[PDB]
>>> print(open('target-v6.cif').read())   # mmCIF, C-alpha atoms
data_my_file
loop_
_atom_site.label_atom_id
_atom_site.label_comp_id
_atom_site.auth_asym_id
_atom_site.auth_seq_id
_atom_site.Cartn_x
_atom_site.Cartn_y
_atom_site.Cartn_z
CA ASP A 3 -24.98 -38.12 4.14
CA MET A 4 -27.18 -36.77 6.96
CA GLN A 5 -27.82 -39.87 9.07
CA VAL A 6 -28.12 -40.33 12.81
CA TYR A 7 -27.42 -43.03 15.40
CA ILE A 8 -30.42 -42.54 17.67
CA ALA A 9 -31.27 -45.22 20.29
CA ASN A 10 -31.98 -45.48 23.20
CA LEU A 11 -32.59 -43.89 26.61
CA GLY A 12 -33.66 -47.29 27.93
CA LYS A 13 -30.51 -48.69 29.52
CA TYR A 14 -29.22 -45.11 29.56
CA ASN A 15 -25.52 -46.15 29.53
CA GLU A 16 -25.94 -47.02 25.81
CA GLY A 17 -27.16 -50.42 26.77
CA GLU A 18 -29.71 -51.78 24.32
CA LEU A 19 -27.55 -50.14 21.68
CA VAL A 20 -29.57 -50.54 18.47
CA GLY A 21 -30.48 -48.62 15.37
CA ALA A 22 -27.54 -47.84 13.16
CA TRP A 23 -28.21 -44.95 10.82
CA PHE A 24 -31.38 -43.17 9.78
CA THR A 25 -31.45 -41.00 6.69
CA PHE A 26 -34.19 -38.56 6.31
CA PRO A 27 -37.20 -38.61 6.48
CA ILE A 28 -37.24 -40.44 9.80
CA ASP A 29 -40.36 -41.87 11.42
CA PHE A 30 -41.25 -42.81 14.99
CA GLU A 31 -42.63 -46.19 13.99
CA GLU A 32 -39.80 -46.88 11.54
CA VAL A 33 -37.17 -46.43 14.26
CA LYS A 34 -39.53 -48.13 16.72
CA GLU A 35 -39.62 -51.26 14.58
CA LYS A 36 -35.86 -50.85 14.18
CA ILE A 37 -35.37 -50.91 17.96
CA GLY A 38 -38.46 -52.50 19.50
CA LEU A 39 -39.10 -50.58 22.68
CA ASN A 40 -37.39 -50.26 26.06
CA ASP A 41 -40.69 -51.41 27.70
CA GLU A 42 -41.74 -47.71 27.73
CA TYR A 43 -41.06 -44.72 25.49
CA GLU A 44 -37.63 -43.21 26.17
CA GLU A 45 -35.76 -43.21 22.87
CA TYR A 46 -33.94 -41.23 20.19
CA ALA A 47 -30.75 -41.09 22.21
CA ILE A 48 -28.85 -38.66 20.01
CA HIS A 49 -25.22 -39.74 20.21
CA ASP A 50 -23.84 -39.68 16.67
CA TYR A 51 -24.66 -37.93 13.42
CA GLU A 52 -23.42 -37.30 9.90
CA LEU A 53 -24.90 -33.81 9.60
CA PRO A 54 -23.43 -30.65 8.06
CA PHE A 55 -24.40 -28.64 11.14
CA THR A 56 -24.71 -28.79 14.92
CA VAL A 57 -27.59 -30.74 16.47
CA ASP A 58 -28.57 -31.30 20.09
CA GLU A 59 -28.68 -34.43 22.23
CA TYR A 60 -32.47 -34.44 22.78
CA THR A 61 -33.86 -32.95 19.55
CA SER A 62 -37.18 -34.54 18.61
CA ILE A 63 -37.35 -36.44 15.33
CA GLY A 64 -40.00 -34.12 13.91
CA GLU A 65 -37.57 -31.26 14.50
CA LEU A 66 -34.91 -33.37 12.79
CA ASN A 67 -37.08 -33.78 9.69
CA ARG A 68 -37.83 -30.05 9.95
CA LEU A 69 -34.10 -29.28 9.88
CA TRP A 70 -33.66 -31.68 6.97
CA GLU A 71 -36.47 -30.04 5.00
CA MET A 72 -34.81 -26.69 5.60
CA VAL A 73 -31.55 -28.22 4.35
CA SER A 74 -33.20 -29.68 1.23
CA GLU A 75 -34.91 -26.31 0.74
CA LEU A 76 -31.56 -24.58 0.37
CA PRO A 77 -29.37 -24.78 -2.74
CA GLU A 78 -26.69 -27.45 -2.70
CA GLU A 79 -23.72 -25.08 -2.81
CA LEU A 80 -25.17 -23.54 0.34
CA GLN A 81 -25.79 -27.03 1.70
CA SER A 82 -22.07 -27.62 1.20
CA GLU A 83 -21.14 -24.52 3.21
CA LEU A 84 -23.82 -24.55 5.91
CA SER A 85 -20.98 -24.96 8.41
CA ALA A 86 -19.42 -21.68 7.31
CA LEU A 87 -22.68 -19.77 6.87
CA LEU A 88 -24.11 -20.76 10.24
CA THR A 89 -21.09 -19.16 11.95
CA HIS A 90 -22.54 -15.75 11.16
CA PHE A 91 -26.08 -16.82 11.96
CA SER A 92 -27.58 -18.91 14.76
CA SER A 93 -30.48 -20.88 13.23
CA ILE A 94 -31.83 -21.91 9.85
CA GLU A 95 -35.10 -20.00 9.68
CA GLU A 96 -32.83 -17.07 10.51
CA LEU A 97 -30.79 -18.20 7.52
CA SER A 98 -34.03 -18.62 5.57
CA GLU A 99 -34.79 -14.95 6.23
CA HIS A 100 -31.72 -13.67 4.40
CA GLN A 101 -31.32 -16.63 2.04
CA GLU A 102 -31.96 -14.11 -0.74
CA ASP A 103 -29.17 -11.90 0.63
CA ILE A 104 -26.12 -14.01 -0.26
CA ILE A 105 -23.71 -12.97 -2.98
CA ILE A 106 -22.02 -16.04 -4.45
CA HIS A 107 -18.53 -15.88 -5.93
CA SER A 108 -17.26 -18.91 -7.71
CA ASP A 109 -15.59 -16.33 -9.94
CA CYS A 110 -13.87 -14.51 -7.08
CA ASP A 111 -11.49 -16.60 -5.03
CA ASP A 112 -9.76 -14.13 -2.71
CA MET A 113 -10.48 -10.58 -1.61
CA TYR A 114 -8.36 -9.26 -4.49
CA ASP A 115 -10.71 -10.87 -6.99
CA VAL A 116 -13.69 -9.39 -5.15
CA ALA A 117 -12.16 -5.93 -5.48
CA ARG A 118 -11.30 -6.45 -9.14
CA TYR A 119 -14.82 -7.69 -9.87
CA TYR A 120 -16.66 -4.89 -8.09
CA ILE A 121 -14.42 -2.29 -9.69
CA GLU A 122 -13.73 -3.47 -13.22
CA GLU A 123 -16.65 -5.51 -14.50
CA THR A 124 -19.25 -3.94 -12.24
CA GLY A 125 -18.03 -0.53 -13.36
CA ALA A 126 -18.43 1.13 -9.98
CA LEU A 127 -16.41 4.14 -11.19
CA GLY A 128 -16.62 4.11 -14.98
CA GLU A 129 -13.42 5.47 -16.49
CA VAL A 130 -10.39 3.23 -16.40
CA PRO A 131 -7.81 5.34 -18.29
CA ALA A 132 -4.64 3.61 -19.44
CA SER A 133 -2.76 6.13 -17.30
CA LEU A 134 -4.92 4.93 -14.42
CA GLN A 135 -5.40 1.27 -15.38
CA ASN A 136 -2.88 -0.30 -13.00
CA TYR A 137 -3.52 2.29 -10.39
CA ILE A 138 -6.46 0.99 -8.43
CA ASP A 139 -5.44 -0.40 -5.05
CA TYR A 140 -7.39 -3.64 -4.99
CA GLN A 141 -5.72 -4.54 -1.69
CA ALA A 142 -6.93 -1.47 0.18
CA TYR A 143 -10.29 -1.73 -1.57
CA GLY A 144 -10.62 -5.24 -0.23
CA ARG A 145 -9.55 -4.08 3.22
CA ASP A 146 -12.26 -1.43 3.18
CA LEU A 147 -14.90 -3.84 1.93
CA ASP A 148 -13.77 -6.29 4.61
CA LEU A 149 -14.30 -3.57 7.20
CA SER A 150 -17.74 -2.80 5.80
CA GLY A 151 -19.12 -5.98 4.28
CA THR A 152 -19.68 -9.32 5.97
CA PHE A 153 -17.56 -11.71 3.92
CA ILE A 154 -17.03 -15.45 4.25
CA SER A 155 -14.15 -17.29 2.57
CA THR A 156 -15.18 -20.81 1.55
CA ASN A 157 -14.13 -23.64 -0.72
CA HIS A 158 -16.53 -23.06 -3.60
CA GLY A 159 -16.06 -19.29 -3.58
CA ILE A 160 -16.64 -16.21 -1.44
CA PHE A 161 -20.04 -15.56 0.09
CA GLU A 162 -21.00 -11.97 0.87
CA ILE A 163 -23.69 -11.52 3.48
CA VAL A 164 -25.02 -8.21 2.33
CA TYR A 165 -28.14 -7.01 4.06
CA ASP B 3 30.07 33.04 3.08
CA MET B 4 32.12 32.43 -0.09
CA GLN B 5 35.61 33.49 0.98
CA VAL B 6 39.03 32.10 0.11
CA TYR B 7 42.45 31.79 1.73
CA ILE B 8 44.66 32.47 -1.28
CA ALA B 9 48.39 33.20 -0.78
CA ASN B 10 51.08 32.39 -1.85
CA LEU B 11 53.21 30.27 -4.20
CA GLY B 12 56.28 32.17 -3.04
CA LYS B 13 57.74 29.99 -0.31
CA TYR B 14 55.66 27.16 -1.78
CA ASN B 15 55.48 25.21 1.52
CA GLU B 16 52.92 27.79 2.76
CA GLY B 17 55.73 29.98 3.91
CA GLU B 18 54.88 33.67 3.64
CA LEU B 19 51.41 32.61 4.75
CA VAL B 20 49.34 35.78 4.40
CA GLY B 21 45.93 36.91 3.29
CA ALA B 22 43.13 35.56 5.40
CA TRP B 23 39.79 35.63 3.62
CA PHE B 24 38.60 37.35 0.47
CA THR B 25 34.92 37.76 -0.23
CA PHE B 26 33.84 38.51 -3.68
CA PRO B 27 34.58 40.51 -5.81
CA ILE B 28 38.31 39.89 -5.46
CA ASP B 29 40.99 41.99 -7.14
CA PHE B 30 44.62 41.34 -8.05
CA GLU B 31 45.81 44.60 -6.53
CA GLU B 32 43.60 44.24 -3.45
CA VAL B 33 45.13 40.86 -2.58
CA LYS B 34 48.51 42.17 -3.76
CA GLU B 35 48.38 44.97 -1.20
CA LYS B 36 47.12 42.37 1.28
CA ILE B 37 50.21 40.20 0.70
CA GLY B 38 52.91 42.42 -0.81
CA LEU B 39 54.67 40.25 -3.35
CA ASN B 40 56.99 37.25 -3.22
CA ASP B 41 59.57 39.32 -5.21
CA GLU B 42 57.86 38.03 -8.40
CA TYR B 43 54.31 37.07 -9.33
CA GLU B 44 53.44 33.56 -8.09
CA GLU B 45 50.34 33.92 -5.93
CA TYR B 46 46.73 32.93 -5.27
CA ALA B 47 47.74 29.67 -3.64
CA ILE B 48 44.28 28.15 -3.35
CA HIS B 49 44.32 26.15 -0.13
CA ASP B 50 41.09 26.92 1.71
CA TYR B 51 37.62 28.14 0.80
CA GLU B 52 34.13 28.69 2.15
CA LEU B 53 32.35 27.98 -1.12
CA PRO B 54 29.14 26.04 -1.79
CA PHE B 55 30.82 24.10 -4.60
CA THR B 56 34.11 22.53 -5.67
CA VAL B 57 36.96 24.78 -6.80
CA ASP B 58 40.46 23.97 -8.05
CA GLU B 59 43.88 24.67 -6.60
CA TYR B 60 45.06 27.00 -9.40
CA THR B 61 41.86 28.74 -10.54
CA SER B 62 42.54 32.33 -11.58
CA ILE B 63 40.84 35.08 -9.61
CA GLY B 64 38.95 36.35 -12.65
CA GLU B 65 37.48 32.87 -12.99
CA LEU B 66 36.66 33.02 -9.28
CA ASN B 67 34.71 36.25 -9.74
CA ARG B 68 33.12 34.63 -12.81
CA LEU B 69 31.95 31.71 -10.67
CA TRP B 70 30.70 34.12 -8.03
CA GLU B 71 28.74 36.14 -10.59
CA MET B 72 27.17 32.91 -11.80
CA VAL B 73 26.32 32.12 -8.17
CA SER B 74 24.80 35.57 -7.57
CA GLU B 75 22.96 35.17 -10.88
CA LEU B 76 21.11 32.13 -9.57
CA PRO B 77 18.21 32.27 -7.10
CA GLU B 78 19.13 31.85 -3.45
CA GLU B 79 17.24 28.60 -2.91
CA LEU B 80 19.33 27.21 -5.76
CA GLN B 81 22.40 28.84 -4.23
CA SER B 82 21.59 26.85 -1.09
CA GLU B 83 21.47 23.56 -3.00
CA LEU B 84 24.24 24.09 -5.56
CA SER B 85 25.99 21.13 -3.93
CA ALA B 86 23.07 18.84 -4.72
CA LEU B 87 22.32 20.26 -8.16
CA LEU B 88 25.91 20.11 -9.37
CA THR B 89 25.92 16.34 -8.75
CA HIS B 90 23.77 15.89 -11.83
CA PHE B 91 25.66 18.50 -13.82
CA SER B 92 29.36 19.27 -14.20
CA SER B 93 29.67 23.06 -14.55
CA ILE B 94 27.65 26.20 -13.95
CA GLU B 95 27.13 27.50 -17.47
CA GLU B 96 25.86 23.97 -18.03
CA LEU B 97 23.58 24.65 -15.08
CA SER B 98 22.79 28.06 -16.59
CA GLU B 99 21.57 26.28 -19.72
CA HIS B 100 18.79 24.39 -17.94
CA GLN B 101 18.30 26.87 -15.09
CA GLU B 102 14.80 27.33 -16.50
CA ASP B 103 14.25 23.55 -16.35
CA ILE B 104 14.04 23.04 -12.58
CA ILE B 105 10.77 22.17 -10.87
CA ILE B 106 10.84 23.39 -7.28
CA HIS B 107 8.86 21.64 -4.55
CA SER B 108 8.73 23.28 -1.19
CA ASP B 109 5.20 21.85 -1.15
CA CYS B 110 6.30 18.29 -1.88
CA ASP B 111 8.65 16.77 0.65
CA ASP B 112 8.96 13.11 -0.35
CA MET B 113 8.17 11.16 -3.50
CA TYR B 114 4.68 10.42 -2.14
CA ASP B 115 3.89 14.13 -2.09
CA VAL B 116 5.20 14.46 -5.65
CA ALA B 117 2.83 11.72 -6.78
CA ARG B 118 -0.10 13.22 -4.89
CA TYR B 119 0.60 16.65 -6.36
CA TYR B 120 0.97 15.52 -9.96
CA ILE B 121 -2.14 13.38 -9.70
CA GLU B 122 -4.58 15.29 -7.53
CA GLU B 123 -4.04 19.02 -7.90
CA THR B 124 -2.49 18.84 -11.35
CA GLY B 125 -5.42 16.73 -12.47
CA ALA B 126 -3.41 14.43 -14.71
CA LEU B 127 -6.36 12.03 -14.98
CA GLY B 128 -9.46 14.06 -14.14
CA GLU B 129 -12.03 11.88 -12.40
CA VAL B 130 -11.36 10.97 -8.81
CA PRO B 131 -14.52 9.00 -7.90
CA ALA B 132 -15.18 8.33 -4.23
CA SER B 133 -15.07 4.64 -5.13
CA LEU B 134 -11.64 5.34 -6.59
CA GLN B 135 -10.43 8.11 -4.25
CA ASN B 136 -8.12 6.05 -2.05
CA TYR B 137 -7.18 3.81 -4.88
CA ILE B 138 -4.31 5.56 -6.58
CA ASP B 139 -0.97 3.94 -5.81
CA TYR B 140 1.14 6.98 -5.06
CA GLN B 141 4.04 4.70 -4.13
CA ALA B 142 4.23 2.95 -7.49
CA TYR B 143 3.54 6.25 -9.24
CA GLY B 144 6.55 7.71 -7.48
CA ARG B 145 8.61 4.65 -8.38
CA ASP B 146 7.71 5.10 -12.04
CA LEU B 147 8.43 8.82 -11.98
CA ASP B 148 11.72 8.04 -10.25
CA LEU B 149 12.55 5.67 -13.09
CA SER B 150 11.64 8.29 -15.66
CA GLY B 151 12.30 11.69 -14.14
CA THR B 152 15.55 13.04 -12.75
CA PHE B 153 14.69 13.88 -9.15
CA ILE B 154 16.82 15.37 -6.38
CA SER B 155 15.84 15.21 -2.70
CA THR B 156 17.02 18.31 -0.84
CA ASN B 157 16.41 20.23 2.36
CA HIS B 158 14.17 22.98 1.02
CA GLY B 159 12.13 20.63 -1.16
CA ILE B 160 12.41 18.32 -4.14
CA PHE B 161 13.98 19.54 -7.37
CA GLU B 162 12.94 17.89 -10.62
CA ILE B 163 15.39 18.19 -13.47
CA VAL B 164 12.95 17.90 -16.32
CA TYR B 165 14.36 18.53 -19.74
#
>>> encode(input="target-v6.cif", output="structure tokens")
Amino acid sequence: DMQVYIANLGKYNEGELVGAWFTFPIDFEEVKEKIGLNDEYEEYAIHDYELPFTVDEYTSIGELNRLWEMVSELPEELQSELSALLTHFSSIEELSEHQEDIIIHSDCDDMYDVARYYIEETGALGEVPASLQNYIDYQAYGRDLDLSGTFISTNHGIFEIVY
Amino acid sequence: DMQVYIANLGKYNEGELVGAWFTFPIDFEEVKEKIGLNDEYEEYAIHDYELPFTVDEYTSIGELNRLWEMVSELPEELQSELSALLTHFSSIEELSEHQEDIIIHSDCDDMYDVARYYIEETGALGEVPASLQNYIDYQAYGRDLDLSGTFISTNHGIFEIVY
């Protein structure tokens, strides 16, 4: 989980291929003793990674630990679905802005359940007469909430990006 | 409108074919002067009719005027749709029993309009919240009323045979 194959720019063609996997936190001198040096300093050749997100080929290791600390900052159900949540967003501090603004639904599993939750148990309208009990179009209600609300269908539930 | 070709049983093979059309009221002596006689009395050979209903081949002319008076008794929108209404019933005095029991819908044109009328403007449930405004399945409501109520789809509207 969350480990990188990063060495080295010396013998740029992935010659001097060393340094297998580095879980976080990752140090300059730790990897430097892992690899030696390439007679100078041209290292952390990002070429492979077990990460739940998208990383770049020249990201500095301090930025990597920064990203990891932002990952470890977030709750683990969100850490499981970072791939889905980052589709709406573009960065993690951006995600850390509205990290309070996520509605979690383990209880709701499709849009129908979202409609039934926000109508029935929320009580967004009050009266459910027995003459009117069946007669609440959860499908169209979910269509209209899908038009309005930013929704994300995931494995562990449905995540509503409300602002 | 409502006229019969009735003559004669004398020369049974529609020989002595006389008497073109007879609008109501229709008299024995009026048709008798129209046709003469067939040396005896065997007449009103019912063979053709402009009538909005089904008549028989040997119906007496007094019964014909009786049927016409029952037609003229009824309102003209029902006189226009006697063909549809008599499908549920079998006779006209039968229809004159429940002639008070017909719900007329020029306003409603399909089953959807029937559901929207009996829900919205009738106020069969009261509250229509804006969170619940769309969310009234008129289709299923019309299916359930179609299961329960006797409905007839016509040209001028929808006629509900309620008891």
>>> interface_residues(input="target-v6.cif", of="chain A", to="chain B", cutoff="10 Å", atoms="only C-alpha atoms", output="list in words")
residues 121, 126, 127, 128, 129, 130, 131, 132, 133, 134, 135, 136, 137, 138, 139, 140, 141, 142 and 143 of chain A
>>> residues_around(input="target-v6.cif", residues="residue 49 (chain A)", least_positions_apart="6", cutoff="7 Å", atoms="only C-alpha atoms", output="number ranges by chain")
A: 7-8, 59
>>> resolve_selection(input="target-v6.cif", expression="the PyMOL selection byres ((chain B and resi 154) around 9)", output="PDB file with C-alpha atoms, in the frame of the given file")
ATOM      1  CA  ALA B  86      23.070  18.840  -4.720  1.00  0.00           C
ATOM      2  CA  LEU B  87      22.320  20.260  -8.160  1.00  0.00           C
ATOM      3  CA  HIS B  90      23.770  15.890 -11.830  1.00  0.00           C
ATOM      4  CA  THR B 152      15.550  13.040 -12.750  1.00  0.00           C
ATOM      5  CA  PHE B 153      14.690  13.880  -9.150  1.00  0.00           C
ATOM      6  CA  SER B 155      15.840  15.210  -2.700  1.00  0.00           C
ATOM      7  CA  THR B 156      17.020  18.310  -0.840  1.00  0.00           C
ATOM      8  CA  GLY B 159      12.130  20.630  -1.160  1.00  0.00           C
ATOM      9  CA  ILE B 160      12.410  18.320  -4.140  1.00  0.00           C
ATOM     10  CA  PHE B 161      13.980  19.540  -7.370  1.00  0.00           C
ATOM     11  CA  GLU B 162      12.940  17.890 -10.620  1.00  0.00           C
ATOM     12  CA  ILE B 163      15.390  18.190 -13.470  1.00  0.00           C
TER      13      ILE B 163
END
>>> atom_distance(input="target-v6.cif", atom1="CA of residue 25 (chain B)", atom2="CA of residue 5 (chain B)")
4.5 Å
>>> resolve_selection(input="target-v6.cif", expression="the PyMOL selection byres ((chain B and resi 15-21) around 6)", output="PyMOL selection string")
chain B and resi 9+13-14+22+36-37
>>> calpha_fit_and_write(input="target-v6.cif", fixed="chain A", moving="chain B", output="short mmCIF file (atom, residue, chain, number, x, y, z; two decimals) with C-alpha atoms, in the coordinates of the input")
data_model
loop_
_atom_site.label_atom_id
_atom_site.label_comp_id
_atom_site.auth_asym_id
_atom_site.auth_seq_id
_atom_site.Cartn_x
_atom_site.Cartn_y
_atom_site.Cartn_z
CA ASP B 3 -24.98 -38.13 4.14
CA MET B 4 -27.18 -36.77 6.96
CA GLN B 5 -27.81 -39.87 9.06
CA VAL B 6 -28.12 -40.33 12.81
CA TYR B 7 -27.42 -43.02 15.40
CA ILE B 8 -30.42 -42.55 17.67
CA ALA B 9 -31.27 -45.22 20.28
CA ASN B 10 -31.98 -45.48 23.19
CA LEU B 11 -32.59 -43.90 26.61
CA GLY B 12 -33.65 -47.29 27.93
CA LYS B 13 -30.52 -48.69 29.52
CA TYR B 14 -29.22 -45.11 29.56
CA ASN B 15 -25.53 -46.15 29.53
CA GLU B 16 -25.94 -47.02 25.81
CA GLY B 17 -27.16 -50.43 26.78
CA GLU B 18 -29.71 -51.79 24.32
CA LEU B 19 -27.55 -50.14 21.67
CA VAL B 20 -29.57 -50.53 18.48
CA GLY B 21 -30.48 -48.62 15.37
CA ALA B 22 -27.54 -47.84 13.17
CA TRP B 23 -28.21 -44.95 10.81
CA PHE B 24 -31.38 -43.17 9.78
CA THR B 25 -31.45 -41.00 6.69
CA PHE B 26 -34.19 -38.55 6.31
CA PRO B 27 -37.20 -38.60 6.48
CA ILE B 28 -37.24 -40.45 9.80
CA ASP B 29 -40.36 -41.86 11.42
CA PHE B 30 -41.25 -42.81 14.99
CA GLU B 31 -42.63 -46.19 13.99
CA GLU B 32 -39.80 -46.88 11.54
CA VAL B 33 -37.17 -46.44 14.26
CA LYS B 34 -39.53 -48.13 16.72
CA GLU B 35 -39.62 -51.26 14.58
CA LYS B 36 -35.86 -50.85 14.18
CA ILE B 37 -35.37 -50.91 17.97
CA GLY B 38 -38.46 -52.51 19.50
CA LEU B 39 -39.10 -50.58 22.69
CA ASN B 40 -37.39 -50.27 26.06
CA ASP B 41 -40.70 -51.41 27.70
CA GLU B 42 -41.74 -47.71 27.73
CA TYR B 43 -41.06 -44.72 25.48
CA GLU B 44 -37.62 -43.21 26.17
CA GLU B 45 -35.76 -43.21 22.87
CA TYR B 46 -33.93 -41.23 20.18
CA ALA B 47 -30.75 -41.09 22.21
CA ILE B 48 -28.85 -38.66 20.01
CA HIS B 49 -25.22 -39.74 20.21
CA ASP B 50 -23.84 -39.69 16.67
CA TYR B 51 -24.66 -37.93 13.42
CA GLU B 52 -23.42 -37.29 9.90
CA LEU B 53 -24.90 -33.82 9.60
CA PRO B 54 -23.44 -30.66 8.06
CA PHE B 55 -24.41 -28.63 11.13
CA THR B 56 -24.71 -28.79 14.92
CA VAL B 57 -27.58 -30.74 16.47
CA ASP B 58 -28.57 -31.31 20.10
CA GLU B 59 -28.68 -34.43 22.23
CA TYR B 60 -32.47 -34.44 22.77
CA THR B 61 -33.85 -32.95 19.55
CA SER B 62 -37.17 -34.54 18.61
CA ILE B 63 -37.35 -36.44 15.33
CA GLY B 64 -40.00 -34.12 13.91
CA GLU B 65 -37.58 -31.26 14.49
CA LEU B 66 -34.91 -33.37 12.79
CA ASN B 67 -37.08 -33.78 9.69
CA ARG B 68 -37.83 -30.05 9.95
CA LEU B 69 -34.10 -29.28 9.87
CA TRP B 70 -33.66 -31.68 6.97
CA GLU B 71 -36.47 -30.04 5.00
CA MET B 72 -34.81 -26.68 5.60
CA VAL B 73 -31.56 -28.22 4.35
CA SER B 74 -33.21 -29.68 1.23
CA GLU B 75 -34.91 -26.31 0.74
CA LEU B 76 -31.56 -24.58 0.37
CA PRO B 77 -29.37 -24.78 -2.74
CA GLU B 78 -26.69 -27.45 -2.70
CA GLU B 79 -23.72 -25.08 -2.81
CA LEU B 80 -25.17 -23.53 0.34
CA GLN B 81 -25.79 -27.02 1.70
CA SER B 82 -22.07 -27.61 1.21
CA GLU B 83 -21.14 -24.52 3.22
CA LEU B 84 -23.83 -24.55 5.91
CA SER B 85 -20.99 -24.96 8.41
CA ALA B 86 -19.42 -21.68 7.31
CA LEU B 87 -22.67 -19.77 6.87
CA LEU B 88 -24.10 -20.76 10.24
CA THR B 89 -21.09 -19.15 11.95
CA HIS B 90 -22.54 -15.75 11.17
CA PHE B 91 -26.09 -16.82 11.96
CA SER B 92 -27.58 -18.91 14.75
CA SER B 93 -30.48 -20.88 13.23
CA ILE B 94 -31.83 -21.91 9.85
CA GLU B 95 -35.09 -20.00 9.68
CA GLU B 96 -32.83 -17.07 10.51
CA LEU B 97 -30.79 -18.20 7.52
CA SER B 98 -34.04 -18.62 5.57
CA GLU B 99 -34.79 -14.95 6.23
CA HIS B 100 -31.72 -13.67 4.40
CA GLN B 101 -31.32 -16.63 2.04
CA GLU B 102 -31.96 -14.12 -0.74
CA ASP B 103 -29.16 -11.90 0.63
CA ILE B 104 -26.12 -14.01 -0.26
CA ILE B 105 -23.70 -12.97 -2.99
CA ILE B 106 -22.02 -16.04 -4.45
CA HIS B 107 -18.53 -15.88 -5.93
CA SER B 108 -17.26 -18.92 -7.70
CA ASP B 109 -15.58 -16.33 -9.94
CA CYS B 110 -13.87 -14.51 -7.09
CA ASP B 111 -11.49 -16.60 -5.03
CA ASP B 112 -9.75 -14.13 -2.71
CA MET B 113 -10.48 -10.58 -1.60
CA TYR B 114 -8.36 -9.27 -4.49
CA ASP B 115 -10.71 -10.88 -6.99
CA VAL B 116 -13.69 -9.38 -5.15
CA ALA B 117 -12.17 -5.92 -5.48
CA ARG B 118 -11.31 -6.45 -9.14
CA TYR B 119 -14.82 -7.69 -9.87
CA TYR B 120 -16.65 -4.89 -8.09
CA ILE B 121 -14.42 -2.29 -9.69
CA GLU B 122 -13.73 -3.48 -13.21
CA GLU B 123 -16.65 -5.52 -14.51
CA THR B 124 -19.25 -3.94 -12.25
CA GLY B 125 -18.04 -0.54 -13.36
CA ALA B 126 -18.42 1.13 -9.98
CA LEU B 127 -16.41 4.14 -11.18
CA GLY B 128 -16.62 4.11 -14.98
CA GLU B 129 -13.42 5.47 -16.48
CA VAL B 130 -10.39 3.23 -16.39
CA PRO B 131 -7.81 5.34 -18.28
CA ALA B 132 -4.64 3.61 -19.44
CA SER B 133 -2.77 6.13 -17.30
CA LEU B 134 -4.92 4.93 -14.42
CA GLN B 135 -5.40 1.26 -15.38
CA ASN B 136 -2.88 -0.30 -13.00
CA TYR B 137 -3.52 2.29 -10.39
CA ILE B 138 -6.46 0.98 -8.43
CA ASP B 139 -5.44 -0.40 -5.05
CA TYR B 140 -7.39 -3.64 -4.99
CA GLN B 141 -5.72 -4.54 -1.69
CA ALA B 142 -6.93 -1.47 0.19
CA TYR B 143 -10.29 -1.73 -1.57
CA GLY B 144 -10.62 -5.25 -0.23
CA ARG B 145 -9.55 -4.08 3.22
CA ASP B 146 -12.26 -1.43 3.18
CA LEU B 147 -14.90 -3.84 1.93
CA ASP B 148 -13.77 -6.29 4.61
CA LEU B 149 -14.31 -3.57 7.20
CA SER B 150 -17.74 -2.80 5.80
CA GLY B 151 -19.12 -5.97 4.29
CA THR B 152 -19.68 -9.32 5.97
CA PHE B 153 -17.56 -11.70 3.92
CA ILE B 154 -17.03 -15.45 4.25
CA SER B 155 -14.15 -17.29 2.57
CA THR B 156 -15.18 -20.81 1.55
CA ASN B 157 -14.13 -23.64 -0.72
CA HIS B 158 -16.53 -23.06 -3.60
CA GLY B 159 -16.07 -19.29 -3.58
CA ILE B 160 -16.64 -16.22 -1.44
CA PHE B 161 -20.05 -15.55 0.09
CA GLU B 162 -21.01 -11.97 0.86
CA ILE B 163 -23.68 -11.52 3.48
CA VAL B 164 -25.03 -8.20 2.32
CA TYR B 165 -28.13 -7.01 4.06
#
>>> residues_around(input="target-v6.cif", residues="residue 101 (chain B)", least_positions_apart="4", cutoff="10 Å", atoms="only C-alpha atoms", output="PyMOL selection string")
chain B and resi 76-77+80+94-97+105+163
>>> resolve_selection(input="target-v6.cif", expression="the PyMOL selection byres ((chain B and resi 28) around 12)", output="count of residues only")
29
>>> atom_distance(input="target-v6.cif", atom1="CA of residue 88 (chain B)", atom2="CA of residue 151 (chain B)")
16.7 Å
>>> atom_distance(input="target-v6.cif", atom1="CA of residue 164 (chain B)", atom2="CA of residue 103 (chain B)")
5.8 Å
>>> closest_residue(input="target-v6.cif", among="B:144, B:81, B:74, B:12", to="residue 44 (chain B)", atoms="all atoms listed in the file")
B:12
